[PDB]
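First comes one chain, alone, set out as C-alpha cells in the form deposited in one PDB entry.
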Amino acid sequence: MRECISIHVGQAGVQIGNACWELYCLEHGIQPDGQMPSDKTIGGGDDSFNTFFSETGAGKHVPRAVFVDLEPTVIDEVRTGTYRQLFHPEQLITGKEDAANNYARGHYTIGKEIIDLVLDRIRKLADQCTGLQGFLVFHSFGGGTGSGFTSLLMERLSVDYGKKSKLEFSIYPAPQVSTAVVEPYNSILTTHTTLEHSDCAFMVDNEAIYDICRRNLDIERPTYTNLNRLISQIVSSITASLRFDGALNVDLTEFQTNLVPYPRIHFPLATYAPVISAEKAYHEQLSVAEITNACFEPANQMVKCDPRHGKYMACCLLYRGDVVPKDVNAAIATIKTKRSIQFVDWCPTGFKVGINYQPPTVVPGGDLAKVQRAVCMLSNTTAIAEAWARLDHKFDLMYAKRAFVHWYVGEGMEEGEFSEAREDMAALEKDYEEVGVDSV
C-alpha cells in the first residue's frame, strides 16, 4: 500500500485523465461501476492495486483523482457519461467563471476561491495513506488553469508536504500550431513559477503526435481522443512498476535522480515507438533492436524539437512485455556506437533502464494494435533551449508594445513580474548553453 495521487487541471488534464483511467480500468478489469470480478471470482486476488485506486467494503474501488477545473462543460461529461459511478462526487468543479486564457485570473482572482477545497480533498486522500510516493499533475501550457492553478498548487504543496515528488505532464506549445494567441505569456510565467517547486516535467506537443499518427497509423483526420490515448499509454508506462510485477522496477523517486542533474534543468521529452495499426502489426518483428532504434529517431518524438541540434544529457527507458535483458543491453550499445546520438562528457552512462512483465492493453474500436512488448523513453536533452528561445522571442515581440497586459493587470499581476519571469527564463537558456561546453 504505497500510493500516488493524480491531479488533473483543465480540459486537457481531464481528457488525459479520462483516457488514462479508461486504460487502467481495462487493464485490471475494474469496471465503470467500480466492481471488480477478479477478487470474488477465483477466490482471492489484489488485481485492483491500491497505489492508484482505493477500496470500499462493497467492492467499489473509487480512484485517487480530483479532476479539477473551473468550467462545468468538461467535468459534467464525466458526471453524465459512462464513468460517473466510479469517481468520488467531490470532483471540485467550480461551475463559474472560466479563466479566459490568462494567468492572472487563475492565480489571484478566481483561483483563490477554489484552491483550499482542492487542498482539503488532497489531504483527505492522503491521510488514509500509509506513506505515499508522489503527485502527478496533468496541466496544459496555453491556458489559465493549467498555467496558474498548477503554479498555485505546486506552490502550496511545496509548503505542506515538501519532501515528496511533484512530477507533471505538460502539453508543450507547438512552435507553429497553436489554439491561443496569449499562450507565450502564460508559458514563460508558469516556467517562472513551476520551477523552484517541481521536480520533473514531461513535455509533449500536439503537432509531433499529429505527424506520427499521420505517418505510422495512417490517419489524416485525427481528433484528441487518439492523442490522449497515446499520452494515456505513456502515463501507464511510467506508472506500471508500482501497479504491476516486474524485474527491474522503477520508483517515482528515481526520475528526480537519473534525469534531473541540475535543479532547474528538468524539462524532458517522451517517446513511444511501437505505434502501428493492425495492418502493420504484421510484417514487423517488433524486437528491442528495432524499437529502441525507433525511439531515438527524430521523426518519432512527441516534441517538435530535433534531437540532432543538441547533445543528449540523460535518458530513462522503461519497457513492458517479453523482454529478455540481453536485447536491451545490445540495443543500448549499438545506440551508443552511433555518431548522431551525441552525449556530454559528464554523463557517459545516460542509459537508465526499466523492465516490466505486464504487456499493454488495447481499447476496443481504437487505433493501436496488440503488440507483445512496448517501450517508453524519457529524454533530457539540450535541444529544448531552441524551442524555449522561440517562445522567448514571442514574449519579446508582444511585450515590447505592452500587448494584452491590461487583461493580466486587471487580475492583479504587476508587469514587473513579467520582466522578472523573462529574466529568470533567460538564465535557464544560458544554463542549457553552459551544459554543452565540454570540460577543459
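Residue numbers run from 1 along the displayed sequence. Take the two forms, superpose them, and find the largest set of C-alpha atoms that agree within 1.5 Å; that set is the rigid core.
- In the other compared entries of this protein that model both flanking residues, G44 lacks coordinates in at least a third of them.
The protein also exists as the form deposited in another entry; that form is not presented, and the subsequent description refers to it.
- Of the residues listed here (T94, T109, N293, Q133), only one shifts its CA by 2 angstroms or more between this form and the one not shown after fitting on the rigid core, and it is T94.
- Relative to the superposed rigid core, the position of the CA of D46 differs between this form and the one not shown by 2 Å or more.
- In that other deposited form, the separation between the C-alpha atoms of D39 and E22 grows by 3 Å or more relative to the displayed form.
- In comparison with the shown form, the Cα-Cα distance of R123 and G95 decreases by at least 3 angstroms in that other deposited form.
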